[PDB]
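Side chains included, hydrogens not; waters and symmetry mates left out as well; all remaining heavy atoms used. Numbered from 1 within each chain, the chains take letters A, B, ... in sequence-line order.
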Amino acid sequence: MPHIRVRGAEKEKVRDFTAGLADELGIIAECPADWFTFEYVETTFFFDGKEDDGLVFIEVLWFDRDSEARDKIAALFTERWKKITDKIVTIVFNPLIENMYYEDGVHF
Amino acid sequence: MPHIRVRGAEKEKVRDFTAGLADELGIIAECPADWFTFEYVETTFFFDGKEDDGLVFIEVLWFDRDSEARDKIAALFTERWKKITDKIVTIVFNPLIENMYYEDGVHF
Amino acid sequence: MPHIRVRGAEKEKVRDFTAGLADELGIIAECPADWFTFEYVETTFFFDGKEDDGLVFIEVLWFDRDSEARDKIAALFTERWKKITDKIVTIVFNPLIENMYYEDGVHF
């Protein structure tokens with residue numbers, strides 16, 4: 001792990017968000033920077049029958065860590081996006097289960 | 001919360017599905033209409049090496065409520081889509097965990 | 001269930017991956033081939049401020065089965081993708097909860 005997914009933001013803004021990001025995340029999560037992936041997810045928000053700006057919605061798929069690491073990642077992500085948008089920044093952490101996760105055919 | 005995602009349907013049909021929808025959902029879930037987001041998710045279904053019509057697949061990400069609210073949302077979604085398609089309508093509810101969910105850097 | 005989603009690969013490669021696949025999966029999981037859906041998910045990987053090749057990332061949404069079925073599906077998927085790419089092949093299994101899953105408005 002970890003796998004970060006962003007929806008609700010422009011693709012190029014997601015690319016820019018990732019500059020230096022795996023270094024910082026690796027330090028906070030105490031794991032190598034190379035264990036991080038980042039995606040822009042292609043979606044469209046709607047509300048009451050119209051196109052909506054939605055929000056910036058970020059999923060973090062990882063082997064869970066304590067709340068201190070989680071809280072710091074949330075703060076970091078929120079601070080970074082708030083520089084570019086006044087949209088709400090929403091972050092959900094999704095704990096992976098080791099025996100349900102495979103990398104190249106074996107557990108991680 | 002709640003975050004509704006739709007795949008397998010035309011983007012404009014997802015937009016139309018959302019007309020009035022957050023009012024009705026807010027009433028069933030007992031929360032404000034403004035707490036709902038809706039997305040079309042860009043995906044392509046395949047089956048046995050060919051393009052497939054797939055089904056209409058709906059994810060609801062929320063703080064879980066009882067089965068009565070869940071059952072009513074499922075019925076509502078199914079009835080609405082069945083007006084437009086004879087495709088199977090599949091709905092999955094995904095319970096969020098409060099300490100793993102952040103809005104603007106704090107828990108909800 | 002089961003619902004297989006692939007990201008990080010070309011759309012046509014996902015289509016080809018699915019040739020014969022539901023037969024084989026049905027045999028391993030002991031359920032009908034028709035219970036399987038397959039999607040290409042439209043996403044873009046980034047790393048350190050640049051476009052990245054990412055990896056091939058596969059999600060399997062299903063009613064959980066034992067590790068033997070899981071391990072065999074993982075091996076099968078990995079072997080098939082390794083024929084086409086030297087990218088890392090990552091597979092996550094996501095257990096569905098029966099009372100949170102609806103097909104045409106009723107539980108499965």
To check you understand the geometry: which heavy-atom pair defines the closest contact between [X] and [Y], and what is its length?
| X | Y | result |
| --- | --- | --- |
| A/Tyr101 | A/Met1 | OH-N, 3.6 Å |
| C/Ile28 | C/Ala69 | CG2-O, 3.8 Å |
| C/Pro95 | C/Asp64 | CB-CB, 4.1 Å |
| B/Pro2 | B/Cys31 | CD-SG, 4.3 Å |
| C/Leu96 | B/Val92 | CD2-CG1, 3.9 Å |
| C/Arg7 | C/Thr43 | NH1-CG2, 3.6 Å |

#### Entry: Worked check of ring-ring contact (aromatic ring centres under 6.0 Å, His included) between A/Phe57 and A/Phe45
CA-CA 11 Å; A/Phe57 189 107; A/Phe45 281 85; 7.8 Å; no
Grouping I, L, V, M, F, W and Y whenever their side-chain heavy atoms are under 4.5 Å apart, do [X] and [Y] come out in a common cluster?
| X | Y | result |
| --- | --- | --- |
| A/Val56 | A/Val41 | no |
| B/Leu21 | B/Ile84 | yes |
| A/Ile73 | B/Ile97 | yes |

So how far is it from [X] [atom1] to [Y] [atom2], rounded to the nearest 0.5 Å?
| X | Y | atom1 | atom2 | answer |
| --- | --- | --- | --- | --- |
| C/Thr37 | B/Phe46 | OG1 | CZ | 12.5 Å |
| A/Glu39 | A/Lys11 | CD | NZ | 12.0 Å |
| B/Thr90 | C/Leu61 | OG1 | CG | 11.5 Å |

Within the structure provided, determine whether [X] and [Y] are in side-chain contact (heavy-atom separation under 4.5 Å).
| X | Y | answer |
| --- | --- | --- |
| B/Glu51 | B/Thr44 | yes |
| B/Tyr40 | B/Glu12 | no |
| C/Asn94 | C/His3 | no |
| B/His107 | A/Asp71 | yes |
| B/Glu98 | B/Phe108 | no |
| C/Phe36 | C/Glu24 | no |
| B/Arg80 | B/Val89 | no |
| A/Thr18 | A/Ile4 | no |

### Task
Run the numbers on B/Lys13 and B/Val6 for side chain to side chain contact (heavy atoms under 4.5 Å, CB included), then give the verdict.
CA-CA 10 Å; B/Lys13 303 305 193 232; B/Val6 184; over 6 Å; no
### Message
Let's go through B/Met100 and A/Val60 carefully: what are the C-alpha distance in whole Å and the side-chain angles of both, what is the deciding distance for side chain to side chain contact (heavy atoms under 4.5 Å, CB included) to 0.1 Å, and is it a yes or a no?
### Response
CA-CA 10 Å; B/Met100 277 181 213; A/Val60 176; over 6 Å; no
I'd like to know if the side chain of [X] reaches the main chain of [Y], judged simply by a donor and an acceptor atom lying under 3.5 Å from each other, with no hydrogens or angles considered.
| X | Y | result |
| --- | --- | --- |
| C/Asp16 | C/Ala19 | no |
| A/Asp23 | A/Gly26 | no |
| C/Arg70 | A/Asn99 | yes |

### Message
Parallel, tilted or perpendicular, judged at 30° and 60°: which one describes the rings of C/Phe93 and A/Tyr102?
### Response
perpendicular
### Query
In terms of ring plane angle, is the pair C/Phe17 and C/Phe38 parallel, tilted or perpendicular, where the classes change at 30° and 60°?
perpendicular
### A/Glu10 atom CD, neighbour heavy-atom count above 12 within 6.0 Å
no
### Query
More than 12 heavy atoms of other residues, nucleotides or ligands under 6.0 Å from CZ of B/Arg65: is that the case?
yes
#### Entry: A/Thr78/B/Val106 under side chain to side chain contact (heavy atoms under 4.5 Å, CB included): CA gap, chis, key distance, verdict
CA-CA 9 Å; A/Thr78 304; B/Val106 306; over 6 Å; no
### Task
Determine the sole option in A/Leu55, A/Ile91, A/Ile58, A/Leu76 for which the side chain to side chain contact (heavy atoms under 4.5 Å, CB included) test with A/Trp81 is passed.
A/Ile58
### Query
Less than 4.0 Å between a side-chain N and a carboxylate O, is that true for C/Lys72 and C/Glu68?
yes
### side chain to side chain contact (heavy atoms under 4.5 Å, CB included) between C/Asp34 and B/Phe47, intermediate numbers included
CA-CA 9 Å; C/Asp34 271 337; B/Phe47 191 88; 4.1 Å; yes
